[PDB]
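A single chain comes next, written as C-alpha cells; it is the form deposited in one PDB entry.
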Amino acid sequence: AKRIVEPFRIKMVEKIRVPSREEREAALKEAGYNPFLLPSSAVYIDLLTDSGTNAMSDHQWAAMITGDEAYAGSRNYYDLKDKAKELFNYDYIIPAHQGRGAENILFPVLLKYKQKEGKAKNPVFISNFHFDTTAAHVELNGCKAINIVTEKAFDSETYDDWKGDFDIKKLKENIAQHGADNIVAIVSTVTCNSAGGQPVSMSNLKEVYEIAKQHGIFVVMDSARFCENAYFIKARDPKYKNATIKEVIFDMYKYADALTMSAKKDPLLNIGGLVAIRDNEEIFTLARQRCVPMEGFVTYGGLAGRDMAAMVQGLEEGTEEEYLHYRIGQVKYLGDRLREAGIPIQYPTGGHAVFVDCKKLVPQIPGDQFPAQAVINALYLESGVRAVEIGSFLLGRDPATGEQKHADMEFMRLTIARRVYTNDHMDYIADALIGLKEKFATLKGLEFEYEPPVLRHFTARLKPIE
C-alpha cells in the first residue's frame, strides 16, 4: 500500500473524538440498528458519504464571503454560467440546491418532452446504473429505471479498467424491446457509484451517445463524480495519457446533451447542484419553469449566492490533476491495506470509496437479510467508524412488484470525503475492519421494524435476527 502526500497543507481543523464502547452500543440500539439515525456526536470517523462533507479551500471560503446574495441576476450566476461553458461547452445552466433537486428539475421535463408526440406510452430510463435518488425520481414520475452496467462489475476480484461501462449489447436490446419512443433518456453516471465508483471509458461514452443519437434519444450525464471519472480516463486510456484533465472532461461532454450534477461531490462543496444543457433551448426553458416552484428563482435555484461562488471555485479545484492523484490515491491506499489483509473489495478501487464485498465476508447472511449492514453495525460498535450499505438494503423494492430488487452486489461502502482525512485516519479504518476477521462468521442479519415505501435505507429501523 502506497501513501500519497497531500498537495496542500491544513489551514483549519475541527475536533473529533472516539465515543466509548458503551456509548456506541446504546446509541446504535436507540437508532434502531440503522447508523443513518445516529447523531454525529456518536461517530468518530464518518464514512457514511462523500456528499457535502468535503473540506473547502481558503479560496472557496473567500469566494463565499464576497458572494452576491442578490435574488435575481447574482454576479455568481453569470460566473457559474461562464464556468460551465468553459468546462463542458454547454450554453445553458440552472443551479439547484443539490443533485436530487437537479434531477427533480430535469427528469419530469424530459418525460413531458418525450410525450409531446404521443410517445413515452411505457416510459423508461436506461442507465449504466441509477443511484438510489436517481432511480427514485425516475420511478416517482411513473417510469422504469433500467441498469445495464457491464457484467464485469459483478466480479469483484477480477480487475477491469472500466467496471462502470454500459453493456452495449444490452443497450441495443433494450432499445429494441421498449422502442426508442419509450426511452425518455439515457443517463450516463460518471463515475458509476453503484458499481463501486468505477469509471466509464471515453469509447463507451462515445458509443452510447452515438447509439442514442441514431434513435433520437436524449442523453443526461450524471456528473456527481465526473472529475474522478476523467482522472481514470487519463490514467487508463492510452489516447489521453498526455491530455489535461480539462481536455478529458471537454471530450466527455461531447457525448451527452445535458447534465445533472451534485456539486456536493467533485466540486468539493458542502451543498449545491447544477443542471446544464448543451444547446436545446426548449428543454432549458421548460426546466426553468419547473425550477421556480421546486428550487427557487432561475439565477439561484435554491442556493445562497455564496454557495454558487464556492461552486465556481470548486469546479476549478476539482479538476486539478495533482489533487485528483492524491484523493483517488488515498482511496487506493485504504483498498490495498484491506486487500493485503485478505478482505475482498471491488477491484480496482474507484475514485471516492472502497466497497467491501460482503457477499464473500459473510455468506451465511442471505442478501434479503442485508449482510453488508451486519458488517457495518459490527464495524461501528467495534471502532466508532460509520459506513453505509450499497446492496439489497439501499436497492429497496421493485415499485411494480413489491418484492426485493435483485442484488448483484452486496457492498459495504467506506466513503471518503475529499481533503478531510489523512492516511493515518485510513490506517484506523483498515485496522478496525481487519480486527473483525474472526467475527464475520458470527454476524447475524437484520429484519425490518419500520420500513418506508421509498428510499427505505435512509430511515428504516432494524431488529437483529438473533
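Each form is matched to the other, and the largest set of C-alpha atoms that superpose within 1.5 Å is called the rigid core. Start at 1 and count along the sequence shown; that's the residue number.
Point to revise | Mean C-alpha temperature factor, higher of 446-454 and 13-21 | key: According to the PDB entry, the answer is 446-454.
Practice item. Could you settle it for me: does 330-338 or 259-267 have the higher average Cα B factor in the PDB entry? Key: Looking at the recorded C-alpha B-factors, 330-338 comes out higher on average.
Check your understanding: When the CA B-factors of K81, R306, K360, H130 are compared as recorded in the entry, which is the largest?
Key -> Checking the PDB record, the top C-alpha B-factor among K81, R306, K360, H130 is at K360.
Review point. From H325, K116, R100, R75, which pick has the Cα B-factor that tops the rest in the entry?
Key: Of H325, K116, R100, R75, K116 has the highest C-alpha B-factor.
Practice item. Quick one: classify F440 as lowest, middle or highest third of the chain based on its Cα B-factor. Key: Top third by C-alpha B-factor.
Exercise for review: Could you tell me which third, lowest, middle or highest, the C-alpha B-factor of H215 occupies within its chain?
Suggested key: Tercile = highest for this residue's CA B-factor.
Review point. Of the three thirds of its chain by CA temperature factor, lowest, middle or highest, which one includes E403?
Key: For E403, the deposited C-alpha B-factor lands in the highest third.
Review point. For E316, does the deposited CA B-factor place it in the lowest, middle or highest third of the chain?
Key: Its C-alpha B-factor belongs to the lowest third of this chain's values.
Exercise for review: Compare the C-alpha B factor of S223 with those of the other modelled residues in its chain, then answer lowest, middle or highest third.
Suggested key: Lowest third - that is where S223 ends up once the chain's C-alpha B-factors are sorted.
Heads up, the form deposited in another entry isn't pictured, but that's what we're talking about next.
Check your understanding: Superposing on the core, which single option in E228, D257, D165, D357 has a CA shift of 2 Å or more between the shown form and the other one?
Key -> Spelled out, the residue whose C-alpha shifts by 2 Å or more is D357.
Practice item. Superpose on the rigid core, then tell me if the C-alpha of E295 is displaced by 2 angstroms or more between the shown form and the other one. Key: No, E295 moves less than 2 Å.
Point to revise | CA of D408, rigid core aligned, shift of 2 Å or more between the shown form and the other one | key: Yes: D408 shifts by at least 2 Å between the shown form and the other one.
Review point. Does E438 move its CA by 2 angstroms or more between the shown form and the other one when the core is aligned?
Key: Where the cores coincide, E438 still shows a C-alpha shift between the shown form and the other one that is 2 Å or more.
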